[PDB]
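FYI, it's all coordinate maths here, none of it is from the lab. Every residue, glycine among them, receives a Cβ derived from its backbone with ideal geometry; neighbour counts consider all protein chains shown.
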Amino acid sequence: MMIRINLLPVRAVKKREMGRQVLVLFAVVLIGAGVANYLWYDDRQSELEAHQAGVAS
Amino acid sequence: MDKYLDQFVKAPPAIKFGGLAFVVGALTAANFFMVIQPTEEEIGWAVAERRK
Amino acid sequence: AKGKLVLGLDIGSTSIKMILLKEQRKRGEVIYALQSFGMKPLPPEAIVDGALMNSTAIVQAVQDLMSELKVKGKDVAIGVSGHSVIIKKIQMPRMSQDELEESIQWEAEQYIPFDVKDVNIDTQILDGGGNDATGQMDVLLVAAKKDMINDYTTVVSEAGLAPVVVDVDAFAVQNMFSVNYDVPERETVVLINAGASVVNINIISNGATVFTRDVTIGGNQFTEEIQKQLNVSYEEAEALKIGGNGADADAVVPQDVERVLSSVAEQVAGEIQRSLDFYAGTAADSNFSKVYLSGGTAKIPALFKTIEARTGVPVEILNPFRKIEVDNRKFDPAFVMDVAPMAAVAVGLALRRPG
Amino acid sequence: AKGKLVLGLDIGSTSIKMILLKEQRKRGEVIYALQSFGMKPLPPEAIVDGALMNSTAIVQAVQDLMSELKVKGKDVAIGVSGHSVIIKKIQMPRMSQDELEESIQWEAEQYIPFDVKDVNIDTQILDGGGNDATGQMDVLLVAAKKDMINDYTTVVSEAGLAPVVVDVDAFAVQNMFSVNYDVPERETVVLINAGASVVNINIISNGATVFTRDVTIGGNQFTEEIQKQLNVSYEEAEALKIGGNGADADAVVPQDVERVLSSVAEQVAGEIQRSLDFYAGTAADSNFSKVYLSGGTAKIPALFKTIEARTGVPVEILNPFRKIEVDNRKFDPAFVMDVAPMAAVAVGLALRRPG
Ligand SMILES: Nc1ncnc2c1ncn2[C@@H]1O[C@H](COP(=O)(O)OP(=O)(O)OP(=O)(O)O)[C@@H](O)[C@H]1O
Ligand SMILES: Nc1ncnc2c1ncn2[C@@H]1O[C@H](COP(=O)(O)OP(=O)(O)OP(=O)(O)O)[C@@H](O)[C@H]1O
Ligand SMILES: [Mg+2]
Ligand SMILES: [Mg+2]
């Protein structure tokens, strides 16, 4: 008797794979944009400290 | 080229993940705008304080 | 991970059927036993050319199947469309499993009129456990264009089901008779599954498949000829086929109908003689033995006697459900027998699922 | 992306025809069914030498087709002109799909009297699923000079349509009979489509095309001879052909007309005997079987009996629309039958579109 299993080939395979890659790209872009939002936050806190020094002046 | 509006009308993991991704992209746009605005406000308070 | 999964008849085209066998306990003993079975006429636009092409509607239909079943299981084996799968034999040299899989894909590359972009799965027609390195390889390749499989996996995914085996119908239909075949083991048996989209022939020595061949002709042809000759819709032509051809009061309608279906009868017989002659390669001086029928297109009244006299082989209906325990308090053996041919595969990959 | 597209007869030359079949529901059952059909005489200057050469006017005509149809669908399959496509067989070695496509383009490079600058699409006359690596390749190449395809895509683009398949007429005309052919599967059948610009012959074993051949002669020739012999315009000569040759009161006009068209009749018969003899390559001791006709040029009165007695084959008209469900409350079966030969392709690539 022949026991066959067409489970995980291929438009299922490569569409789960494309599904993975698109999400990895999403993650990378969002991590980069995150880092940007950060570095911005730091320059802003520095500016705030300079300005509070001025207000003390 | 048909099976693709069938897939585009359907979804499960690929599109649940996709929707999560568009949502987190929107939220990051929102928080980046919400860190750009305190910049402008902050430069404003600078211009006021110096004028004092 | 071990559950006893489930089984739908996903490529029924005429009908989506589903079966739950598990191990039923009685008196401290247990065994494979029918637990539920459900059937719904397939709403068309779901399937076209063997691809699932309204994954949403098919999803909702499968959900109706699970509800009618009253089953809590959410794992499933299913099957691809015979129009969606290329099945053929292939000769190689056996070796390492990787070298076989690659070499298999390399030879079937020639065999596939699509990019790969294509599903490849083989099994060996003879036990590998019988031959030495570099010698006597035979695998049969099941190849499927990619998103027939996708479409089916989407359907399964939104029905809440999890697939574990995507099998093929010409061999899944055999698991019910695989025992009764395994008892006569030099006997050559034919198995015809006359469905609505395709008619499969698989011919065996024992429960060892020797070959398979798929014919485009099916019951949709008889229905379509009735519809042509009486400008009827497909449904009323289908009922005129069913009840029209088999009632005790049908004495006036086998001229009107039989004259309509006579071309299909002749030409089906021509296709079956065709395939049978195309097999008889090695025994130029022998004859046939015995054969069985499955699928609802078989249930055409008197079609079994016609195929029997026309092909020179005894063609008999068979009850699959004999392979499984059936509680008489939950199921009528008579009705079970009546819907047996349609359900053969529907319990087929279903013994594949607690396997 | 899945819609049920549409189908025009874009290379009708005499007529632009369009058909909408989709799946029509009745009593909870559905099936492919005629939804609409429209026909408009092609305004000339649209097509010359098989190229669309007034993409604007053709656009507006196709828009009129969509409006007369009352169809909301905006996707379409269509066909190229038989004068615009080179179809021929080609022998190769099968292998990887890329290596086949390249090798195919390499061999047909020899076959194309234009730069490439040329459309190449093949299909295998036998299932690839039947032969081993490096062996037994047969593809048939459809090759088309580039902007026949462009011109048609411009026409489709400004009509608001989106093309998904650009098929060929000699095989698209067959999809309606592909079932009825698939039931006799060692029978050699001829299919003639006598159009206005070209007459195609395709000859098959089953619905498996064995070959095709395109003849410049067509109905435009009969009309043009009538016009020559009675210094008439093309339109009144065309009507004199149609109604003149077939009326019950036409007893005085088959001498005046038949003497005009007799050269064309002889010489068409000569071309068809020509092609048939050029096929009979392998069976030097056999005869023909049965054949069908399509296209309006076929509907010349008595032409079927003439081709039948002259070619030594039974040549019969056939009703395509038998492949599709037809609601009798929306369509008269008689008229449908009357316009069937013209519409054969017009429903052809139309079963290609919900496929
Ligand atoms: N009593 C009967 N007489 C004649 N034909 C019948 C009868 N019962 C069912 N059929 C036909 O059998 C077909 C359905 O049988 P079945 O469900 O076994 O096929 P299927 O497995 O759904 O089709 P496929 O697997 O080929 O897609 C229908 O076409 C129906 O017209
Ligand atoms: N009753 C008839 N008798 C004779 N000729 C006819 C009749 N009806 C139509 N024709 C001819 O058939 C031709 C149109 O048929 P049809 O529309 O099937 O061809 P077509 O598909 O438009 O042409 P092509 O595809 O070759 O460009 C016209 O040349 C017309 O003169
Ligand atoms: Mg079946
Ligand atoms: Mg035409």
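Restricting attention to the range D:228-258, the residues that are in a helix (DSSP H, G or I) and either under 22 Å from D:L42 (Cβ atoms) or under 29 Å from the mean Cα position of the chain (by Cα) (or both) total 17. Evaluate the range A:11-31: report whether one residue or more is farther than 25 Å from B:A26 by Cα and not basic (K, R). Among the residues of the range A:11-31, at least one is farther than 25 Å from B:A26 by Cα and not basic (K, R), which makes the answer yes. Could we say that C:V268 is away from ligand 4 (no atom under 16 Å from the Cβ), among the β-branched types (V, I, T), farther than 22 Å from A:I3 by Cα and away from chain D (no Cβ under 14 Å) here? It is false that C:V268 is away from ligand 4 (no atom under 16 Å from the Cβ), among the β-branched types (V, I, T), farther than 22 Å from A:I3 by Cα and away from chain D (no Cβ under 14 Å). Selection of the range C:295-326 for residues being surrounded by 14 or more Cβ atoms within 10 Å (Cβ to Cβ) and in a loop (DSSP other than H, G, I, E, B) yields C:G295, C:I300, C:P301, C:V313, C:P314, C:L318, C:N319, C:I324, C:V326. Where helices (runs of 4 or more DSSP H) fall entirely within the range D:127-212, those with at least 3 residues that are surrounded by 23 or more Cβ atoms within 10 Å (Cβ to Cβ) and within 16 Å of ligand 4 (Cβ to nearest atom) are at D:169-172. Given (1) over 23 Å from C:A269 (Cα atoms); (2) away from ligand 1 (no atom under 15 Å from the Cβ); (3) touching a helix residue (DSSP H, G or I) at 6+ places or on another chain (Cβ under 7 Å), identify the lone condition not met by C:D167. Condition not satisfied by C:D167: (2). Based on what the data block shows, is C:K40 surrounded by fewer than 18 Cβ atoms within 10 Å (Cβ to Cβ), touching a strand residue (DSSP E or B) at 6+ places or on another chain (Cβ under 6 Å) and over 15 Å from C:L351 (Cβ atoms)? Taking the combined requirement at face value, the residue satisfies it.
What are the residues in the range C:43-57 that are facing chain D (nearest Cβ under 10 Å) and surrounded by 17 or more Cβ atoms within 10 Å (Cβ to Cβ), if any? Selection gives C:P43, C:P44, C:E45, C:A46, C:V48, C:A51, C:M53, C:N54, C:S55.
The condition (being part of a helix (DSSP H, G or I) and free of Cβ contacts under 8 Å to residues at least 60 places away in the same chain) is satisfied by just one residue among C:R274, C:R329: C:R274.
If only residues of the range C:85-125 that are of a type in the set (F, W, Y) and within 26 Å of the chain's Cα centre (by Cα) are counted, the one that is farthest from C:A194 (Cα to Cα) is C:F114.
Before we move on, is C:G82 away from ligand 4 (no atom under 16 Å from the Cβ) and either away from chain D (no Cβ under 14 Å) or more than 17 Å from the chain's Cα centre (by Cα) (or both)? No, not satisfied. Candidates in the range D:106-149 are the residues that are farther than 23 Å from D:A170 by Cα and of a type in the set (D, E); of these, the one that is farthest from the other protein chains (Cβ to nearest Cβ) is D:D115.
Residues that are at the interface with chain A (Cβ under 7 Å from one of its Cβ atoms), of a type outside the set (A, V, I, L, M) and farther than 30 Å from A:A12 by Cα within the range B:10-39 comprise B:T28, B:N31, B:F32, B:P38, B:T39, listed in sequence order. Does C:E102 satisfy the criteria of being more than 16 Å from C:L52 (Cα to Cα), more than 10 Å from chain A (Cβ to nearest Cβ), surrounded by fewer than 16 Cβ atoms within 10 Å (Cβ to Cβ) and free of Cβ contacts under 8 Å to residues at least 24 places away in the same chain? Against the criterion (more than 16 Å from C:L52 (Cα to Cα), more than 10 Å from chain A (Cβ to nearest Cβ), surrounded by fewer than 16 Cβ atoms within 10 Å (Cβ to Cβ) and free of Cβ contacts under 8 Å to residues at least 24 places away in the same chain), C:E102 qualifies.
Of all residues in the range D:344-355, those that are out of contact with any strand residue (DSSP E or B) (no Cβ under 6 Å at 6 or more places or on another chain) and within 12 Å of ligand 4 (Cβ to nearest atom) total 2.
Out of the residues in the range C:332-349 that are part of a helix (DSSP H, G or I) and away from ligand 1 (no atom under 14 Å from the Cβ), state the one that is surrounded by the fewest Cβ atoms within 10 Å (Cβ to Cβ). Result: C:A334. Of the residues D:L20, D:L9, D:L34, D:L5, the single one that is within 14 Å of chain B (Cβ to nearest Cβ) and not charged (D, E, K, R) is D:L5. Among residues of the range D:332-355 being without any contact (Cβ under 8 Å) to a residue 60 or more places away in the chain and away from ligand 2 (no atom under 16 Å from the Cβ), the one that is farthest from D:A194 (Cα to Cα) is D:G355. Only residues that are without any contact (Cβ under 8 Å) to a residue 60 or more places away in the chain and buried (at least 23 other Cβ atoms within 10 Å of the Cβ) were counted across the range D:1-24, and they come to 1.
Kindly indicate the residue of the range D:310-355 that is of a type in the set (A, V, I, L, M) and within 12 Å of another protein chain (Cβ to nearest Cβ) and also nearest to D:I272 (Cα to Cα) among those meeting that condition. Here the residue is D:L318. Within the range C:281-305, the set of residues being touching a residue at least 60 places away in the same chain (Cβ under 8 Å) and either hydroxyl-bearing (S, T, Y) or within 16 Å of ligand 4 (Cβ to nearest atom) (or both) comprises C:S289, C:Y292, C:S294, C:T297.
When the range D:115-163 is filtered for residues that are of a type in the set (A, V, I, L, M) and under 18 Å from D:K17 (Cα atoms), the ones remaining, listed by number, are D:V155, D:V156, D:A159, D:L161, D:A162. What do you reckon, is A:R11 in contact with an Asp or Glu (Cβ under 9 Å, 6 or more places away or on another chain), more than 30 Å from C:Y181 (Cβ to Cβ), away from chain C (no Cβ under 14 Å) and of a type in the set (D, E, K, R)? The answer is no for A:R11.
If you check B:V23, B:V35 for being β-branched (V, I, T) and out of contact with any helix residue (DSSP H, G or I) (no Cβ under 7 Å at 6 or more places or on another chain), only one passes: B:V23. Only one of the listed residues (D:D285, D:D327, D:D338) is out of contact with any strand residue (DSSP E or B) (no Cβ under 9 Å at 6 or more places or on another chain), closer than 30 Å to D:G73 by Cβ and acidic (D, E). That residue is D:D338.
The residues of the range C:154-165 that are facing another protein chain (nearest Cβ under 7 Å) and within 19 Å of B:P12 (Cα to Cα), listed by number, are C:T154, C:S157, C:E158, C:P163, C:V164. When C:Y292 is tested against the conditions (1) among the aromatic types (F, W, Y); (2) in a strand (DSSP E or B); (3) within 21 Å of C:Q24 (Cβ to Cβ), the lone failure is (3). Within 22 Å of A:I5 (Cβ to Cβ), more than 16 Å from ligand 2 (Cβ to nearest atom) and touching a residue at least 40 places away in the same chain (Cβ under 8 Å) - does that describe any residue in the range C:25-45? Yes, because at least one residue in the range C:25-45 is within 22 Å of A:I5 (Cβ to Cβ), more than 16 Å from ligand 2 (Cβ to nearest atom) and touching a residue at least 40 places away in the same chain (Cβ under 8 Å).
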